[PDB]
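Fold and geometry: a report
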Amino acid sequence: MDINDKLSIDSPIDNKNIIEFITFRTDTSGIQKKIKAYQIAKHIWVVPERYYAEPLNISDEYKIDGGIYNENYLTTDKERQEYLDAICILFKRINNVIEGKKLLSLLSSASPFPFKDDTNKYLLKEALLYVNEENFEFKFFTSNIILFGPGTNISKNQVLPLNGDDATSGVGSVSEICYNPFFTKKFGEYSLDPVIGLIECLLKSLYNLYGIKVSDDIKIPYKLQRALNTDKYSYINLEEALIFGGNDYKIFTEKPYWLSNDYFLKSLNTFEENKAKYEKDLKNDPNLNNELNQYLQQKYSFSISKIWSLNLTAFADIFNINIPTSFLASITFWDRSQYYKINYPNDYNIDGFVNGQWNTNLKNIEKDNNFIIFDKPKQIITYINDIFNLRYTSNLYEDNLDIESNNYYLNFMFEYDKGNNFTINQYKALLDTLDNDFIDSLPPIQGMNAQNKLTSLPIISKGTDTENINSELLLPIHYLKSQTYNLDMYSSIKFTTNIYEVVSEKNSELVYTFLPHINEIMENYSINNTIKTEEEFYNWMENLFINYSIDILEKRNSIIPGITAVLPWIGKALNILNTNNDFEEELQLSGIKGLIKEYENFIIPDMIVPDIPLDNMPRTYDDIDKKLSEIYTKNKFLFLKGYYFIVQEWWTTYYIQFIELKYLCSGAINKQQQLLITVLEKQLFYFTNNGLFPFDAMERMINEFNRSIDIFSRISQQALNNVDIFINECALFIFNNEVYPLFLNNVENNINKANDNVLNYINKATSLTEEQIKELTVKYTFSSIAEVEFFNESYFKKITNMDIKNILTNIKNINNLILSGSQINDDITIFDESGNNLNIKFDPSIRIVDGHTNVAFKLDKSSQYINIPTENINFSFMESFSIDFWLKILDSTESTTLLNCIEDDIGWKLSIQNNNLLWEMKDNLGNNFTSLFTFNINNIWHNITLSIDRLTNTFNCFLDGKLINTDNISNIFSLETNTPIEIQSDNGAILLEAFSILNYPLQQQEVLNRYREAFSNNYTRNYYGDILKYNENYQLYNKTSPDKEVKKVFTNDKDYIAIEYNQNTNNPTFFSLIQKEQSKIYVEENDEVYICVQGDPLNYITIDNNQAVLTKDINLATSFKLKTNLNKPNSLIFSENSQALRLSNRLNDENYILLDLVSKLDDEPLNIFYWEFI
């Protein structure tokens, strides 16, 4: 059984599963010391001590950029306990999901080949001999992996295999892991999940256990090296690339493969005979095997093709962690190395970070006594200007991946005999073929001997030191430094647009901004007297948000092909294409290539295989059709490996330069944000430090400014998304018409070549078929240029879209809600259609019934409710929103509630007050605003949409697409509250439908559009607004006499229908529509229908001299074509040809119904021709 989780604490005992062993290699002193470990799981051990082998400290020369190297760490029992607790927490979290516990099951039975002369197994630690008594009791405790603490470098989590020789040959190795979970990086405004750091160590160890390691020699191009004046590539290890999957792993693992480097064949081939030997030698059950058959039967049952599919990014998807899938191994190193301590008991539980990945708010590891973050920035660049004394230094940071030249692309060899392998119908999910329960059920190994061939692994690699290179122009990194503020809190800030001002003094209070509106605001702003009341502080904050929103979100539609729109601020932020010319126009003249350093030594593959052999082989239609088919398809494959080859090269040469711009734009935004929060932050501190405002008022401004931070970050993310799209377009554009056209020209030449090759292959031995070649020709003409083409622009979007997503915040679109619903069985569902704020609650007692053009929720009972949380629904004074829905009041109710979003008498609610809508909303400051719509909702479908525009401070209310109040809301500030939006009647029965809350404040024009779209089905409606139904009886009225009902008159020596006055009986006359054919349930516009008057004989409606007399025969009925007009939507027209029904002038207390030619008034006929059903 899995989820073992000993959960052991301290040192209660040192017996049974708790053992004390001797270290494999020697300590730094040069001696092996005894130590104790704890068994977390079957064959899995932990030891909460720093790595014995690695020194507790090293010289400054040997320190790596972004290490810790603190010696007084994990040198106490409480730290050892903290680490122990940290491990079981992480392993429980691994056991939390199904895939995680499948890996741990595999690890428990992934013992390397236990080869023996009837004695031992593979490498392993020793049991205590009872040397306490100096006894010599020998025993071996099984251990597939051993988890140590951090070694010399705390930041480094490396998996050291105790013998690399057998860890490559396929024998395997029980590797030792030195992993530290307490510190993680950010990469943005979110914290990296420690399980990724530990899962990666487990996967690396699993390769060692299976003996499938790449021997450190097999490397792949990952990315063009980040510098100025280098043009080499930074090569990544294949094993790392397999694990750090992301989008870099999808581009080379498509269905047609690449040079396997023999590894994907060597390892598979080595696996074949390793599987073969077990079944024919070890499965013969030698008596000294000690039940290792089952572990080996399960270990060899799993295919390595499934271990390779285990990438580190799909695991992040399983735990639902956000991770930079673009360049996972490198993108985390492109800035100063900063670590944040994780308090595992508190800040990280079985379900990941407690406070979510963004808002966990950990503390920087910077502390005086211990923990020095040794940072050596590769390529410290200092801008130099001899126009005037100006020297502006900036630090660059790069990954620690080793670098090679452009060889891979130059001397890449396509092996023409690489036909498709594996790729059976079945291979596209994780952990498909293994046993969880069966592996778990197997007892552990507790009795046999163990070998020890400790291959030394002391490959010390003192790294490169920094280079101090000058520069003649202001780099983006220089601009980014200008954006940052590096001073006290108790010191002023000065904004400017002249970058040259800031560079003059390195850490002057002055900071550069590329946002004109923001600079204008800060031109006249003193922390002393500009803001003097709470209300003014809020307003200034609102004013900043507005101006900030306007500057960064600015985009214009582009005339460049392949680009929808262009961000004109990118010029002023990173100093790229930043001339006196407009950025739009500079991009025109300079082109898209102006955004990238063009790589001259770009390699385009040649892809020529004209080899066509000849002979007389007469088998299987002389194997001609087959031979040319397999040749045609191999040429298709060869060209496809070339297209795949050219995509990888474009990725690692040209996209890297684009994702890098994404990184640069990312900061540039955040930076400006940081400035805007800081200028606000200093202002708040100015109040507090000088006393000034009281606690109640102070606490509110603090509370509101804290809230506002994520609101800056909301539109900040929105800016990056505009960048994401803009850059991707540019990235695909470079490939589209600068790499692809050159690659197509090679294929076109090879097409005509291979075409001519097959034409030159006419081995027409003995008698020949002159005609048949031309049939063979069309098959293998190679005319299918498009068929061989695999340029699905979708593919490039799939790899480059949201590749670094939610850097600023996880928060999606806000104030977005549609709230539809569906039925299943007798059961219902209610969800956000837009898929935002999906944590909805409701009782299933609610019935879903047809309404106006939709399905409506029937809130009958008071107990019934719909409860919509406000997790991403902001109602701060800086947030404008609107609410839109359709409502019908089922029963005559004077006073009921509909909506409610109020907590402690703060928030907003909508309710019914004496058949009148009552909208009130009141804020935290005690400013109330209330509005009473007195249009007297009377049991009729109504479109209630009402918009709160926080820009102009206007509250608009539209009913049925028509604006009413348009009051001013200026006196009303933030009414954000935690309580959800509640929808319950409380006093009445209502029908609610199409309940939408919108991110922006609607206007008259757009509201009217929304109202009109609700009629686009062209259904006829009764008076109440409900859609008219066939074979349903109604009362007929002329819309001109609401009070008087159309009533039949029978046995008058003429039977007809007419409106009677002084009725006083109003003998209910019920009419129903019926159609001769295609009998439906819902009555659409423009349908042929007859009118049935309910009566004992059940007579129908016909025409006699244009009168509407009642016949009794239905073949004697008249056909009316129903026409509806939007202006009167609860009204019908019974038109035959170009005459419609009309009411006559009063004659004998009776108004007769007759057909009259329709007379209109600007497309809109008289009120008479319109009829209503009830």
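This entry, as listed in the PDB, derives from X-ray crystallography and reports a resolution of 3.300 Å.

Some points on the overall build of the chain
When its secondary structure is counted, the chain shows 25 helices and 51 strands. Each principal axis of the C-alpha atoms in the chain carries an extent, and together these give about 125 × 105 × 75 Å. A total of about 53,300 Å² of accessible surface is found on the chain, and carbon and sulfur atoms cover 48% of it.

With respect to the domain arrangement of the chain
Its domain assignment divides the chain into domain 1 (9-478), domain 2 (479-812), domain 3 (813-1016) and domain 4 (1017-1174). The straight-line distance from the C-alpha centre of domain 1 to that of domain 2 is 31 Å. Across the boundary between the two partners, domain 1 contributes 53 residues, which contact 55 residues of domain 2. Summed over both sides, the interface of domain 1 with domain 2 buries roughly 5,100 Å², with 63% coming from carbon and sulfur. Taken together, the links from domain 1 to domain 2 amount to 1 salt bridge. Counting across the domain 1 and domain 2 interface gives 26 residue pairs in polar contact. At the level of elements, strand 8 (219-224), strand 14 (380-385), strand 15 (390-394), helix 11 (407-410) and helix 13 (476-483) are the ones that each hand at least two residues to the side of domain 1 that touches domain 2. For the side of domain 1 that touches domain 2, the per-class residue count stands at 30 nonpolar, 12 polar and 11 charged.

Comments concerning the side chain of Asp-2
Summarising the element assignment, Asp-2 is placed in the segment before strand 1 (19-22). One buried charged residue, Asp-2, remains without a salt bridge, the closest side chain of opposite sign being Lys-101 at 5.9 Å. Beyond its immediate sequence surroundings of up to four residues, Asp-2 is in contact with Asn-95, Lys-101, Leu-104, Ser-105 and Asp-440.

With respect to the state of the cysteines
Scanning the entire structure with this criterion turns up 0 disulfides. Here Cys-901 is not disulfide-linked; the sulfur of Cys-957 is the nearest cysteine sulfur, at 17 Å. Since its relative accessible area comes to 0%, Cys-901 is described here as buried. Under the relative-accessibility criterion, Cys-957 is labelled buried at 1%.

Remarks on the packing of helix 20 (residues 625-689) against helix 21 (residues 695-760)
Relative placement of two packed helices is described by the angle separating their axes and the distance separating the axes. The geometry of helix 20 relative to helix 21 is characterised by a closest axis approach of 7 Å and an angle of 160° between their N-to-C directions. Taken together, the axis directions place helix 20 and helix 21 in an arrangement best described as roughly antiparallel. Along this stretch, helix 20 crosses helix 21, giving a crossing that reads as right-handed. The residue inventory of the contact of helix 20 with helix 21, partitioned by class, reads 39 nonpolar, 10 polar and 3 charged.

Some words on the sheet that holds strand 16 (residues 403-404)
Strand order in the open sheet formed by 3 strands is 8-9-16, and the pairing between neighbours is antiparallel. With one partner strand each, in any of the chains shown, strand 8 and strand 16 form the two edges of the open sheet. Pairing analysis gives 5 bridges linking strand 8 to strand 9 (residues 233-237), with the strands arranged antiparallel. Across the sheet, residue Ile-220 finds its bridge partner in strand 9, namely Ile-236.

Observations concerning the pairing of strand 42 (residues 1056-1060)
Among the 5 residues that make up strand 42, 4 are buried, leaving the element largely enclosed by the rest of the structure. Sheet topology places strand 41 (residues 1046-1049) next to strand 42; 4 bridges connect them, and they run antiparallel. Counted as the bridge partner of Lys-1048 is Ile-1057 from strand 42. Pairing of strand 42 with strand 50 (residues 1150-1157), which is carried by 3 bridges, proceeds in the antiparallel orientation. Bridge assignment links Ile-1059 to a residue of strand 50, and that residue is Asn-1151.

Some remarks on the sheet that holds strand 10 (residues 340-341)
Read across the sheet, 3 strands follow the order 7-10-13 without closing on themselves; strand pairing throughout is antiparallel. Where the open sheet ends on each side, the last strands, each with one partner, are strand 7 (183-184) and strand 13 (363-364).

Looking at the pairing of strand 28 (residues 881-889)
Every regular strand shows the same layout, with side chains that alternate between the two sheet faces. Of all the 9 residues making up strand 28, 9 are buried; the element is thus mostly covered by neighbouring parts of the structure. Neither face of strand 28 is exposed, since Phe-881, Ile-883, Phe-885, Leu-887 and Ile-889 on one face and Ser-882, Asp-884, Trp-886 and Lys-888 on the opposite face are all buried. Pairing between strand 28 and strand 33 (residues 942-949): 7 bridges, direction antiparallel. Bridge pairing links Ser-882 to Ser-947 in strand 33.

Remarks on the pattern of salt bridges
What the rule picks out here adds up to 38 salt bridges. Here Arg-93 and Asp-193 are joined by a salt bridge, their closest N and O atoms 3.2 Å apart. In this pair, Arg-93 sits in helix 1 (residues 77-96) while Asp-193 sits in the loop between strand 7 and helix 4 (194-209), placing the two residues 100 residues apart along the sequence. By relative accessible area, which is 4% here, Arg-93 ends up buried.

Here's the deal with the nonpolar core
Counting residues in each nonpolar core, the largest one holds 242 residues, and the members touching the most others are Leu-544, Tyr-643, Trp-650, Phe-658, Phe-726 and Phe-735. The leading source of residues in this core is helix 20, at 32 residues. With near-sequence residues (within four places) excluded, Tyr-643 lies in contact with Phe-735, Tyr-740, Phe-743, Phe-790, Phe-791 and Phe-796. In terms of nonpolar packing, the next biggest core, distinct from the first, is built from 45 residues, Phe-857, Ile-868, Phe-885 and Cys-901 among them.

Focus: the packing of helix 1 against helix 4
At their nearest, the axes of helix 1 and helix 4 sit 11 Å apart, and the two run at 80° to each other. Judged by the inter-axis angle, helix 1 sits roughly perpendicular to helix 4. Between helix 1, through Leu-90, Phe-91, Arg-93 and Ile-94, and helix 4, the contact on the second element is made entirely by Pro-194, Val-195, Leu-198, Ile-199 and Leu-202. Its residues assigned to classes, the contact of helix 1 with helix 4 shows 8 nonpolar, no polar and 1 charged.

Some thoughts on the environment of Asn-722
As for its position among the elements, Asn-722 is in helix 21. The class of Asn-722 is buried, set by a relative accessible area of 16%. Counting along the chain gives 156 residues from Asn-722 to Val-566, while the straight-line C-alpha distance between them is 8.6 Å. If sequence neighbours within four positions are ignored, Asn-722 has contacts with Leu-553, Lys-555 and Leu-567.

The rules we used
Residues numbered from 1 in each chain as written, not as in the entry; some residues may be left out. Heavy atoms only, no water. Helix = DSSP H or I, 4+ residues; strand = E, 2+ residues; numbered from the N terminus. Areas by Shrake-Rupley, 256 points an atom, 1.4 Å probe, with all protein chains shown as cover. Domains from an automatic or database assignment. Contact = heavy atoms within 4.5 Å. Buried area = accessible area lost by both parts, 1.4 Å probe. Salt bridge = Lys/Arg side-chain N within 4 Å of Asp/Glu carboxyl O. Polar contact = N/O pair within 3.5 Å; in protein donor to acceptor, adjacent residues only side chain to side chain. Nonpolar A, V, L, I, M, F, W, Y, C, P; charged D, E, K, R; others polar. Buried < 20%, exposed > 50% of the residue type's maximum accessible area, 1.4 Å probe, protein only. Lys, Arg positive; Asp, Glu negative; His and termini not counted. Disulfide = S-S within 2.5 Å. Axes fitted to C-alpha atoms, helices over the stretch in contact; angles between N-to-C directions. Parallel < 35°, antiparallel > 145°, perpendicular 65-115°, else oblique. Left-handed = near helix turned anticlockwise from the far one by under 90°. Pairing = 2+ DSSP bridges. Core = buried A, V, L, I, M, F, W, Y, C linked by side-chain atoms within 4.5 Å.

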